[PDB]
């Protein structure tokens, strides 16, 4: 299923599309107690490294909080930020940047 949620510039807001994506994972995690996921937050290159580390954290926490409020056991979740340092696309335009503003749902 969809293992990635994308974000707009300088935003950690979730959309209704994201709700559906995350709802599926929430249900799966609640039915599979031994499954664990790492929610990694990322940003595009605009702005400082530290600013983006924080933004990546806000994105990861938004996803983590959604799952927890949905009923997922906090012990099955881990939120970490990579800021702008682990891009999917190394490009220097919006086509590349939109791929980088994201939170990845990585199952162990």
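Positions refer to the first chain, counted from 1.
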With B-factors read from the PDB entry, the higher C-alpha mean of 71-79 and 50-58 is in 71-79
Stretch with higher mean Cα temperature factor, 80-88 vs 21-29, is 21-29
Looking only at 64, 34, 43, 40, the Cα with the top B-factor belongs to 34
So, residue 104's CA B-factor, relative to its chain, sits in which third? The middle
